Structures are given as structure tokens and as C-alpha cells.
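The file structure.pdb comes next; it holds PDB, C-alpha atoms.
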```pdb
ATOM      1  CA  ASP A   2     -43.460  66.832 105.742  1.00  0.00           C
ATOM      2  CA  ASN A   3     -40.625  67.195 103.161  1.00  0.00           C
ATOM      3  CA  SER A   4     -41.231  64.007 101.148  1.00  0.00           C
ATOM      4  CA  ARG A   5     -42.342  65.982  98.095  1.00  0.00           C
ATOM      5  CA  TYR A   6     -39.424  68.450  98.262  1.00  0.00           C
ATOM      6  CA  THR A   7     -36.875  65.618  98.535  1.00  0.00           C
ATOM      7  CA  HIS A   8     -38.791  63.981  95.675  1.00  0.00           C
ATOM      8  CA  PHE A   9     -38.510  67.255  93.689  1.00  0.00           C
ATOM      9  CA  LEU A  10     -34.729  67.312  94.237  1.00  0.00           C
ATOM     10  CA  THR A  11     -34.481  63.687  93.168  1.00  0.00           C
ATOM     11  CA  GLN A  12     -36.520  64.323  89.986  1.00  0.00           C
ATOM     12  CA  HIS A  13     -35.431  67.858  89.041  1.00  0.00           C
ATOM     13  CA  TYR A  14     -32.143  68.864  90.656  1.00  0.00           C
ATOM     14  CA  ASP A  15     -28.650  67.916  89.517  1.00  0.00           C
ATOM     15  CA  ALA A  16     -26.018  70.224  91.055  1.00  0.00           C
ATOM     16  CA  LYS A  17     -22.748  69.575  89.073  1.00  0.00           C
ATOM     17  CA  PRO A  18     -23.204  68.152  85.551  1.00  0.00           C
ATOM     18  CA  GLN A  19     -20.417  68.497  83.017  1.00  0.00           C
ATOM     19  CA  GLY A  20     -21.715  67.180  79.712  1.00  0.00           C
ATOM     20  CA  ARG A  21     -25.448  67.558  79.414  1.00  0.00           C
ATOM     21  CA  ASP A  22     -25.805  65.309  76.361  1.00  0.00           C
ATOM     22  CA  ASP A  23     -28.060  62.366  75.332  1.00  0.00           C
ATOM     23  CA  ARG A  24     -25.863  60.015  77.396  1.00  0.00           C
ATOM     24  CA  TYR A  25     -26.253  62.273  80.498  1.00  0.00           C
ATOM     25  CA  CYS A  26     -30.007  62.055  80.220  1.00  0.00           C
ATOM     26  CA  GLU A  27     -29.952  58.286  79.742  1.00  0.00           C
ATOM     27  CA  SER A  28     -27.621  57.846  82.684  1.00  0.00           C
ATOM     28  CA  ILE A  29     -29.306  60.230  85.190  1.00  0.00           C
ATOM     29  CA  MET A  30     -32.854  59.168  84.370  1.00  0.00           C
ATOM     30  CA  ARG A  31     -31.780  55.643  85.517  1.00  0.00           C
ATOM     31  CA  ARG A  32     -29.894  56.894  88.618  1.00  0.00           C
ATOM     32  CA  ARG A  33     -33.076  58.663  89.765  1.00  0.00           C
ATOM     33  CA  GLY A  34     -35.587  55.865  89.042  1.00  0.00           C
ATOM     34  CA  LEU A  35     -37.553  57.440  86.173  1.00  0.00           C
ATOM     35  CA  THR A  36     -37.282  54.519  83.752  1.00  0.00           C
ATOM     36  CA  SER A  37     -40.201  52.146  84.543  1.00  0.00           C
ATOM     37  CA  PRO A  38     -42.161  53.220  82.753  1.00  0.00           C
ATOM     38  CA  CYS A  39     -39.926  55.589  80.813  1.00  0.00           C
ATOM     39  CA  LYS A  40     -40.916  59.120  81.940  1.00  0.00           C
ATOM     40  CA  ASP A  41     -41.821  61.109  78.781  1.00  0.00           C
ATOM     41  CA  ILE A  42     -40.060  64.367  79.586  1.00  0.00           C
ATOM     42  CA  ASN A  43     -38.091  65.521  82.581  1.00  0.00           C
ATOM     43  CA  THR A  44     -36.058  68.573  83.275  1.00  0.00           C
ATOM     44  CA  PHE A  45     -33.172  68.915  85.718  1.00  0.00           C
ATOM     45  CA  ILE A  46     -32.133  72.268  87.162  1.00  0.00           C
ATOM     46  CA  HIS A  47     -28.449  72.969  87.941  1.00  0.00           C
ATOM     47  CA  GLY A  48     -26.697  75.286  90.389  1.00  0.00           C
ATOM     48  CA  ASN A  49     -27.292  75.573  94.127  1.00  0.00           C
ATOM     49  CA  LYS A  50     -30.361  74.388  96.034  1.00  0.00           C
ATOM     50  CA  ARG A  51     -30.854  77.782  97.744  1.00  0.00           C
ATOM     51  CA  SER A  52     -31.656  79.698  94.515  1.00  0.00           C
ATOM     52  CA  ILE A  53     -34.378  77.109  93.782  1.00  0.00           C
ATOM     53  CA  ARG A  54     -35.843  77.286  97.325  1.00  0.00           C
ATOM     54  CA  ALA A  55     -35.871  81.072  96.962  1.00  0.00           C
ATOM     55  CA  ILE A  56     -38.366  80.806  94.114  1.00  0.00           C
ATOM     56  CA  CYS A  57     -40.997  80.316  96.893  1.00  0.00           C
ATOM     57  CA  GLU A  58     -40.139  83.655  98.551  1.00  0.00           C
ATOM     58  CA  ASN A  59     -40.620  87.002  96.790  1.00  0.00           C
ATOM     59  CA  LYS A  60     -36.769  87.057  96.847  1.00  0.00           C
ATOM     60  CA  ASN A  61     -36.772  85.115  93.590  1.00  0.00           C
ATOM     61  CA  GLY A  62     -40.320  84.512  92.393  1.00  0.00           C
ATOM     62  CA  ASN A  63     -43.578  86.011  91.261  1.00  0.00           C
ATOM     63  CA  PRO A  64     -46.933  84.188  91.436  1.00  0.00           C
ATOM     64  CA  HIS A  65     -47.902  82.505  88.218  1.00  0.00           C
ATOM     65  CA  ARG A  66     -51.084  81.116  86.646  1.00  0.00           C
ATOM     66  CA  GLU A  67     -53.059  79.116  89.326  1.00  0.00           C
ATOM     67  CA  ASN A  68     -51.030  78.787  92.527  1.00  0.00           C
ATOM     68  CA  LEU A  69     -47.627  78.242  90.844  1.00  0.00           C
ATOM     69  CA  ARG A  70     -44.526  80.410  90.971  1.00  0.00           C
ATOM     70  CA  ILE A  71     -42.051  81.519  88.288  1.00  0.00           C
ATOM     71  CA  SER A  72     -38.479  82.404  89.077  1.00  0.00           C
ATOM     72  CA  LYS A  73     -36.995  85.823  88.586  1.00  0.00           C
ATOM     73  CA  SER A  74     -33.490  84.507  87.884  1.00  0.00           C
ATOM     74  CA  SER A  75     -32.630  82.096  85.048  1.00  0.00           C
ATOM     75  CA  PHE A  76     -31.292  78.591  85.707  1.00  0.00           C
ATOM     76  CA  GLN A  77     -29.134  76.320  83.656  1.00  0.00           C
ATOM     77  CA  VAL A  78     -31.360  73.367  82.837  1.00  0.00           C
ATOM     78  CA  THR A  79     -31.364  70.122  80.876  1.00  0.00           C
ATOM     79  CA  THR A  80     -34.492  68.609  79.504  1.00  0.00           C
ATOM     80  CA  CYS A  81     -34.406  64.876  78.885  1.00  0.00           C
ATOM     81  CA  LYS A  82     -37.008  63.855  76.335  1.00  0.00           C
ATOM     82  CA  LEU A  83     -37.946  60.199  75.688  1.00  0.00           C
ATOM     83  CA  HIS A  84     -37.640  58.918  72.101  1.00  0.00           C
ATOM     84  CA  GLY A  85     -38.214  55.560  70.405  1.00  0.00           C
ATOM     85  CA  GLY A  86     -41.693  53.990  70.309  1.00  0.00           C
ATOM     86  CA  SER A  87     -41.882  52.378  73.789  1.00  0.00           C
ATOM     87  CA  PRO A  88     -42.745  53.658  77.327  1.00  0.00           C
ATOM     88  CA  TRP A  89     -40.713  50.749  78.738  1.00  0.00           C
ATOM     89  CA  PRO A  90     -36.903  50.457  79.047  1.00  0.00           C
ATOM     90  CA  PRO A  91     -34.309  50.670  77.760  1.00  0.00           C
ATOM     91  CA  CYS A  92     -35.170  54.380  78.053  1.00  0.00           C
ATOM     92  CA  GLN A  93     -33.318  56.559  75.529  1.00  0.00           C
ATOM     93  CA  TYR A  94     -33.401  60.357  75.761  1.00  0.00           C
ATOM     94  CA  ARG A  95     -32.549  63.385  73.662  1.00  0.00           C
ATOM     95  CA  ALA A  96     -31.039  66.163  75.776  1.00  0.00           C
ATOM     96  CA  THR A  97     -31.687  69.825  75.495  1.00  0.00           C
ATOM     97  CA  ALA A  98     -29.603  72.091  77.577  1.00  0.00           C
ATOM     98  CA  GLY A  99     -31.200  75.466  78.196  1.00  0.00           C
ATOM     99  CA  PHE A 100     -30.912  78.636  80.277  1.00  0.00           C
ATOM    100  CA  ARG A 101     -34.150  80.151  81.509  1.00  0.00           C
ATOM    101  CA  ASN A 102     -36.367  80.868  84.509  1.00  0.00           C
ATOM    102  CA  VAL A 103     -38.453  77.985  85.820  1.00  0.00           C
ATOM    103  CA  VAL A 104     -41.957  77.410  87.014  1.00  0.00           C
ATOM    104  CA  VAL A 105     -42.583  75.419  90.199  1.00  0.00           C
ATOM    105  CA  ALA A 106     -45.360  74.855  92.727  1.00  0.00           C
ATOM    106  CA  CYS A 107     -44.424  75.674  96.317  1.00  0.00           C
ATOM    107  CA  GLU A 108     -45.680  74.164  99.573  1.00  0.00           C
ATOM    108  CA  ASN A 109     -44.357  75.451 102.946  1.00  0.00           C
ATOM    109  CA  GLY A 110     -41.779  77.609 101.128  1.00  0.00           C
ATOM    110  CA  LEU A 111     -40.347  74.542  99.374  1.00  0.00           C
ATOM    111  CA  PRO A 112     -40.744  73.545  95.749  1.00  0.00           C
ATOM    112  CA  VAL A 113     -42.698  70.340  95.305  1.00  0.00           C
ATOM    113  CA  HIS A 114     -43.435  70.333  91.594  1.00  0.00           C
ATOM    114  CA  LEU A 115     -41.858  71.481  88.384  1.00  0.00           C
ATOM    115  CA  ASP A 116     -44.179  72.599  85.631  1.00  0.00           C
ATOM    116  CA  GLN A 117     -42.900  70.756  82.584  1.00  0.00           C
ATOM    117  CA  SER A 118     -45.109  72.626  80.087  1.00  0.00           C
ATOM    118  CA  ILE A 119     -42.513  75.342  79.602  1.00  0.00           C
ATOM    119  CA  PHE A 120     -39.920  72.748  78.379  1.00  0.00           C
ATOM    120  CA  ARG A 121     -41.894  70.905  75.627  1.00  0.00           C
TER     121      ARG A 121
END
```
Written as C-alpha cells, that's how I'd like the structure from this file.
Amino acid sequence: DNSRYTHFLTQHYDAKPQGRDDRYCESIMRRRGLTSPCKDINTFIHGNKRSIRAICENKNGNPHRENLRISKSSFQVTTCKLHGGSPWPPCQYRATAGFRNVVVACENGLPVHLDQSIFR
């Protein structure tokens, strides 16, 4: 089963972004189906897939808290953060580009969850 890894890539991987602004967040949150209801906070990781996969191996991760993993290398990221009063669309987002290691959960050497706590 890979359904949760492919879901992870849909929710948290964008390979080649140029501008990582408010409008990027608004756009990509819709492309990936995170707008009914408006998801409160969501972070996309950039670069290649293989660096992210490698977080599950010792090659690029240490264990972390309860059964999570934290990357050794830093990733370019963009956190899209819902604003306005409503959980229902139109969903508008404030973007925060960052550069940092990431925390994921792994299952079968594949990341299936991003811990969003580190990006609040």
C-alpha cells in the first residue's frame, strides 16, 4: 500500500515553484483539493522526492519524539496559512517561505505524514 505516500506527495510536495507568495498558496491549495473545508495550515516541501524519502533511512533522518523522524538536511518549504474568519471557501492563504529540516512519520520507508507543529 502506497495510498498514504501518494497522499503525502499530493498534500506536501511541490517540486518546482517559482514565486512562493500568497497567490501560490491560494492556487496550489485548490489544485490539491485542500479547500473544502479550508485546511488551516499546510506546508509544501520543494526539491527532489528522493531527499524526502531518505528521511526514513538513517541516510537523512534521526528518530524523533514518538515514532516520527526528523531530517538531517534542510528543505526549502512554503507554509500556507488560512486567514479570514471562515473554514469554507474561497480559501485565502498567507505564505511563508522557509528553509529548515522537516519532521515526518514513515511507514515502509516512505513518508506518510508531515508534522505541522514545527511550522505554526
Give me, as an MDAnalysis selection string, all polymer residues having an atom no more than 10 Å from residue 53 (chain A), counting all atoms listed in the file and skipping those fewer than 2 positions away in the same chain.
chainID A and resid 10 14 46:51 55:58 61:62 72 74 76 103 105 111:112
For the structure shown, which residues end up in the PyMOL selection byres ((chain A and resi 9) around 12)? Put them as a ChimeraX atom specification, please?
/A:3-8,10-15,33,43-46,50,53-54,105-108,111-116
For residue 70 (chain A), the closest of A:36, A:93, A:19, A:102 counting all atoms listed in the file is A:102
Apply the PyMOL selection byres ((chain A and resi 80) around 9) to the file shown and report the selected residues as number ranges by chain.
A: 26, 42-46, 78-79, 81-82, 95-99, 120-121
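Residue nearest residue 30 (chain A) within the list A:68, A:94, A:17, A:2: A:94 [criterion: smallest interatomic distance, only C-alpha atoms].
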Centre and edge lengths, as JSON, for the axis-aligned box enclosing every listed atom of region 26-42 of chain A with 5 Å of padding on each of the six sides, in Å to one decimal?
```
{"center_x": -34.9, "center_y": 58.3, "center_z": 84.3, "size_x": 24.5, "size_y": 22.2, "size_z": 21.0}
```
Counting all atoms listed in the file, find residues at most 10 Å from (-38.6, 53.3, 81.9) (file frame) and give them as an mmCIF file with C-alpha atoms, in the frame of the given file.
```cif
data_model
loop_
_atom_site.group_PDB
_atom_site.id
_atom_site.type_symbol
_atom_site.label_atom_id
_atom_site.label_comp_id
_atom_site.auth_asym_id
_atom_site.auth_seq_id
_atom_site.Cartn_x
_atom_site.Cartn_y
_atom_site.Cartn_z
ATOM 1 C CA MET A 30 -32.854 59.168 84.370
ATOM 2 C CA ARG A 31 -31.780 55.643 85.517
ATOM 3 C CA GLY A 34 -35.587 55.865 89.042
ATOM 4 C CA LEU A 35 -37.553 57.440 86.173
ATOM 5 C CA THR A 36 -37.282 54.519 83.752
ATOM 6 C CA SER A 37 -40.201 52.146 84.543
ATOM 7 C CA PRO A 38 -42.161 53.220 82.753
ATOM 8 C CA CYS A 39 -39.926 55.589 80.813
ATOM 9 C CA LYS A 40 -40.916 59.120 81.940
ATOM 10 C CA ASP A 41 -41.821 61.109 78.781
ATOM 11 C CA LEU A 83 -37.946 60.199 75.688
ATOM 12 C CA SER A 87 -41.882 52.378 73.789
ATOM 13 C CA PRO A 88 -42.745 53.658 77.327
ATOM 14 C CA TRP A 89 -40.713 50.749 78.738
ATOM 15 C CA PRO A 90 -36.903 50.457 79.047
ATOM 16 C CA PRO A 91 -34.309 50.670 77.760
ATOM 17 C CA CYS A 92 -35.170 54.380 78.053
ATOM 18 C CA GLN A 93 -33.318 56.559 75.529
#
```
I need the residue nearest residue 18 (chain A) from this list: A:101, A:32, A:69, A:77. Use only C-alpha atoms for the distance.
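Using only C-alpha atoms, residue 18 (chain A) sits closest to A:77.
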So what do you get for CA of residue 23 (chain A) versus CA of residue 52 (chain A), distance-wise?
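Straight-line distance from CA of residue 23 (chain A) to CA of residue 52 (chain A) works out to 26.1 Å.
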Between A:59, A:28, A:20, A:109, single out the one closest to residue 73 (chain A), counting all atoms listed in the file.
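Using all atoms listed in the file, residue 73 (chain A) sits closest to A:59.
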So how many Å separate CA of residue 75 (chain A) and CA of residue 21 (chain A), to one decimal?
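Atom-to-atom, CA of residue 75 (chain A) and CA of residue 21 (chain A) are spaced 17.2 Å apart.
For the pair CA of residue 104 (chain A) and CA of residue 25 (chain A), the separation is 22.8 Å.
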